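Worksheet for the structure shown next.
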Amino acid sequence: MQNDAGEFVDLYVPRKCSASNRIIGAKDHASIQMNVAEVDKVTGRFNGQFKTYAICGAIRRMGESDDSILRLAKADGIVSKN
Amino acid sequence: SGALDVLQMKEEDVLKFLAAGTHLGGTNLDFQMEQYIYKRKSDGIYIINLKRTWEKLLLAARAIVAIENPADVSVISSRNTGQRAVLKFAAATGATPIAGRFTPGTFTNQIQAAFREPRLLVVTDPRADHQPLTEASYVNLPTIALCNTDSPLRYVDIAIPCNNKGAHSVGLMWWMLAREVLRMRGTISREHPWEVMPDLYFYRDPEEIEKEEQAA
Amino acid sequence: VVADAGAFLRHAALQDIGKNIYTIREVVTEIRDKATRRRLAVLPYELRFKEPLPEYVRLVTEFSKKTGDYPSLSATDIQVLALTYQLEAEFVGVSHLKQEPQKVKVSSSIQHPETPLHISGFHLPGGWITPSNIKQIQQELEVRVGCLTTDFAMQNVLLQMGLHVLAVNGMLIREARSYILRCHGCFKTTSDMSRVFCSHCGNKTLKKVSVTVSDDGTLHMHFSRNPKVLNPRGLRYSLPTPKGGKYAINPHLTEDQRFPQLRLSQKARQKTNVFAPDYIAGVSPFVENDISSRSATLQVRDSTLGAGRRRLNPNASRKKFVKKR
Amino acid sequence: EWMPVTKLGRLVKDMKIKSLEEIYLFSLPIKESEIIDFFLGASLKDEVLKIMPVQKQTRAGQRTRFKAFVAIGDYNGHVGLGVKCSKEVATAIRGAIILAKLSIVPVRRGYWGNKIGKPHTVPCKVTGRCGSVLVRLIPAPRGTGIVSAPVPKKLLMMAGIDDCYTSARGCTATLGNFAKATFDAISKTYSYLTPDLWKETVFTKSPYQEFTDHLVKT
Amino acid sequence: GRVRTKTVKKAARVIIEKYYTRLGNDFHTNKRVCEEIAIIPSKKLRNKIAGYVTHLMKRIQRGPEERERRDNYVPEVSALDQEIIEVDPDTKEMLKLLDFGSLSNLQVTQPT
RNA sequence: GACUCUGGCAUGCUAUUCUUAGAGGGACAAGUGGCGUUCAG
Ligand SMILES: [Zn+2]
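Residue numbers (PDB author numbering), protein chains in the order written: chain V, 1 to 82; chain A, 2 to 217; chain y, 7 to 131, 206 to 222, 230 to 412; chain C, 59 to 276; chain R, 2 to 65, 76 to 123.
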């Protein structure tokens, strides 16, 4: 990745799944980068700012993407408690 | 809903849910849908918790808002019960509809008439619309689905828990999703009720259409 | 004497009894039976076609949506109801008939809904089927204008409003008992006995409940207080992943879901007829079975076939060398 | 003359997408070979691993076709592996070249010991499996070269790997399984998680979302 | 010379038979409304559309929907706005735990 | 060449009437009169 000289000798940094901290590979075509809108707290309309979650294809296949996105949205204060 | 008093659940929406019957699940339950269920009654039908329905509906609305080109959201229904509703959703929001049979290879076969790239996919029934879910696994598409108690959650990213079997319920769910996405975009005030009455979204059923053309 | 299509199907030649024989063109032009249409071109033509003024068509609709029979009836049935209502209005005074129909009263019992009461051949403890009874057994049998309605929803709304309804028998009907289906999720009733999914909620949850209407205008409805009926035994079972293609049989979970076409060959769905006058010259006593088609290899079955197999609950033990298609 | 169909191809045809790695960053399918021709171009060498003539059973009898196993690869970067069966040898070869170009994956290159200079070897010992053929790549010191059988020798040299110890198990004599196994191992080079890749990922906007306004016009 | 192409003809025919009502005889108003409804990629192409549409509505004013009308139908009162809704006891407990215990339209129906 | 792109004029936006270089406009047979199967031309 980075040599002793200090240069970043690497083609790219792959992105990692937000649910499992797994590397999303270059040929993972069931992988997702999802954007969820953040809204105003006084009017409830689209700010233009959003939150981004990556889900690898194995988790989506296993059927746990829905629970993972819900749990991350609870963590980030998008989904209310209960 | 970020525990915000603006986006909380109102009373008249709950009357819509109870009259349409969205709280009435099926008699079977998928184990990945057990989080969304209040309880099983002794009849056997699973009662769906409507606060969970509201929260997942608002997640779907937030995901649909975050796409700059509204035609990138694609909305699909294969069976008649949702078809009219999805068309109205398009006319409300600008999403691209597929009503009727989904030709396989719409998202994978590049040399084709109906080939198209979405950026989000919204599905009436994951059991009935399984083919676009498979396509979406091929082509990196997220998915929002209207999921009942007995629904597989393979390749479903936001699963709205609702009764998707009755015509009034699917019409209402599509109507509420359009209402919230169009409020949250900002073209409707949250204080005034929507001019579009939800009964526009339901299924025509041509015998009922003739029975209504009779009495006019 | 307003003739429903049930009278023409049953070949009820009752034109001699009444003189106000009137009907819709739509009910007579929708009949798909060849023998009835042949009989139509032979009968003396005293019947006259009309169309009601649409105002009473509305009025019939607003009280049918209140009596709980609106999804069951057809448009043509509303036409028949409106025509007999208008003929009642034109011939007889309109103050006789009442609106805002009376509330149902509830009275439950212990009998199972599948108890075969009111089936002709059956007898609990004499009830015989004689050659003298076949013309007699039609239904529960008991002045100027009447009806020839055989569907129960027709008689229900008619006896709710108070119109005197009569049968293939000349005498008018006083009591009408039958069965309906009620949903135990949304409590909406249907008068169509064929239908298995609910009209409102769409769940496979309709259960049989008996009703009886009087000539007075009272509807009373009998439940079954038997815990066998509402028991969720084989209702939760794990389902296979949804399959597509030409040969997939998904477990049929919604009413308007789309199945691939898997039809029987015309040779296979043919049954043997022994009352035919050309039968005895036939080579075999029975029709040959189809073993040469593609649907024989695909093991396509008739839809009615294999019904008691489905009512066995899926979380149970079948024999160890059988396979359920 | 190339007229793109996919949105990714239409962006690559413009100067919107700068490198191939961006397409690898968001794991998007490449469904046109002209994109790979655009980004790599003259760098892409192509090496025919094998042509086997085969007899198709026809209702007329048997008739001959050809099956071409072709490895394409930019040295110091990327490879792909394609197999095509077709009527003549030339059309089978160009079909396998296209189908090998549609499968181009990046390879991660690391260091054996000290991290001085460019990466030369596989970062960690990786493993690729295809139909009982098991192929393992082990980091090797600088100057040791590729020590392997000839078919993975070609595929690893094309990958820009300078040096690697190799180990193969199973029926390695079936060539497609052996090539596909070593192709699997060099894909798992970037599928492997190391402590170098432990910082939390920042999510940059995808090209479909970055250039939505440019795709409005088409 | 100059000739009109096939896709201009098809798009113009579609936008005429769908939306003849809004159109006028002015070039620029027709061009702006055509850009407003029709998803058109090119400016030159959409001016060609506007010119051909202007020609068509010029020539049809000289001289010479059922599915839409049934599809756009909506009644006076919706079925969901109903006076009495019958609910199971367990659904009423669920609504009670969701703070919605002060409802008036509910009618609880015991399983008998 | 009925293929693709594109110029003339901007006292308009951008660091800007005289030089710049990105974007936005403007032109589409649009209008008129004749010949025309009264529509294609
Ligand atoms: Zn029901």
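We put the beta carbon where it would ideally sit given N, CA and C, even for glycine.
Look at the alpha carbon of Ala146 (chain A) and the alpha carbon of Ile378 (chain y), and state the distance between them as a whole number of angstroms. 44 Å
I'd like the list of long-range same chain contacts for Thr29 (chain y), defined as Cβ closer than 7 Å, with 5 residues on each side in sequence excluded. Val8, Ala9, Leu53 and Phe55
Using the beta carbon as the reference atom, which residues fall closer than 6 Å to any heavy atom of ligand 1, ordered along the chain? y:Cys270, y:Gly272, y:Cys273, y:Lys275, y:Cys285, y:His287, y:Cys288, y:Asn290 and y:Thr292
Confirm, please, whether the CB-CB distance from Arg167 (chain C) to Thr179 (chain C) is below 8 Å. yes
Contact with chain V by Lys183 (chain C), beta-carbon distance below 8 Å: Under the 8 Å criterion on CB atoms, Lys183 (chain C) is classed as non-interfacial with respect to chain V.
Do you know whose CA, among C:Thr64, C:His136, C:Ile130 and C:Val147, lies nearest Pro111 (chain C)'s CA? C:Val147
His102 (chain y) (DSSP reduced to helix, strand or coil): Of the three classes helix, strand and coil, the one that applies to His102 (chain y) here is helix, per DSSP.
Any C-beta of chain A under 8 Å from that of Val4 (chain R): no
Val13 (chain V) CB to nearest chain C CB: under 8 Å? yes
By Cβ distance below 7 Å, which residues in the same chain neighbour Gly153 (chain C) in space, the five residues on each side in sequence not counted? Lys142 and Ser144
Residue interval of the beta strand (DSSP E) (run including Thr42 (chain y)): From DSSP, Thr42 (chain y) is part of no beta strand (DSSP E) but of the alpha helix (DSSP H) over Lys40 to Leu46.
Below 8 Å on the Cβ atoms is my guess for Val85 (chain R) versus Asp200 (chain A); work out the distance and round it to an integer in Å. 6 Å
Tell me which same chain residues have a C-beta within less than 7 Å of the C-beta of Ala100 (chain A), skipping the five on either side of it? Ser78, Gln84, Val87 and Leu88
Pull the bridge partners of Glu97 (chain R) from the DSSP assignment, please. Looking at the DSSP assignment, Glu97 (chain R) forms a beta bridge with R:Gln118.
Beta-carbon within less than 8 Å of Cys222 (chain C)'s beta-carbon, same chain only, minus the 5 sequence neighbours each way: which residues are those? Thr179, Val180, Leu195, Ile196, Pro197, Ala198, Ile204, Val205, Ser206 and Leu214
Cβ pair count under 8 Å reaching 3, the segment 15-29 of chain V against the segment 246-260 of chain C: A contact exists between the segment 15-29 of chain V and the segment 246-260 of chain C.
In the DSSP assignment, find the alpha helix (DSSP H) that holds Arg14 (chain R) and state where it starts and stops. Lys7 to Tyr20
Where the beta strand (DSSP E) through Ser265 (chain y) begins and ends: Note, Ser265 (chain y): beta strand (DSSP E), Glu262 to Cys270.
Give me the Cα-Cα distance between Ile88 (chain C) and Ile81 (chain C), rounded to the nearest whole angstrom. 8 Å
With hydrogens ignored, establish whether the beta-carbon of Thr230 (chain C) is closer than 7 Å to any heavy atom of ligand 3. Although ligand 3 was asked about, the structure shown includes only ligand 1 as ligands.
Per DSSP, what are the beta-bridge partners of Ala100 (chain A) in this structure? A:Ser78
Buried or exposed: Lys44 (chain R), going by 16 or more other Cβ atoms within 10 Å of its Cβ? Around the beta-carbon of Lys44 (chain R), fewer than 16 other beta-carbon atoms lie within 10 Å, marking it exposed.
CA-to-CA distance, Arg264 (chain y) to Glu220 (chain y), given in whole angstroms: As the crow flies, the alpha-carbon of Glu220 (chain y) is around 8 Å from that of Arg264 (chain y).
Test: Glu97 (chain R) CB closer than 8 Å to a CB of chain y: yes
If the cut-off is 8 Å on Cβ atoms, which residues from the segment 89-120 of chain y count as contacting chain R, listed in chain order? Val112 and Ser114
Can you list the residues of chain A that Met34 (chain V) reaches, using a CB-CB cut of under 7 Å? What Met34 (chain V) touches in chain A: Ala64, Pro143 and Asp158.
Do the segment 151-169 of chain A and the segment 15-35 of chain A touch if we need at least three Cβ pairs shorter than 8 Å? yes
Report the rounded CA-to-CA distance for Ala18 (chain y) versus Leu108 (chain R), giving the unit in angstroms. 60 Å
Closest to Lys291 (chain y) by CA distance: which of A:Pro127, A:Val66 and A:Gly27 is it? A:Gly27
Hey, how far is the Cα of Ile130 (chain C) from the Cα of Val4 (chain R)? 48 Å
When the Cα atoms are used, what is the spatial distance from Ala67 (chain A) to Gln267 (chain C)? 10 Å
Check whether the Cβ of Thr8 (chain R) lies closer than 8 Å to any Cβ atom in chain y. no
At 4 residues or longer, and completely inside the segment 204-228 of chain C: list those alpha helix (DSSP H) runs for me, N to C. 208-216
Compare the C-beta of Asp343 (chain y) against all C-beta atoms of chain A and say whether one is closer than 8 Å. yes
From what residue to what residue does the alpha helix (DSSP H) around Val171 (chain A) run? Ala168 to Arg186
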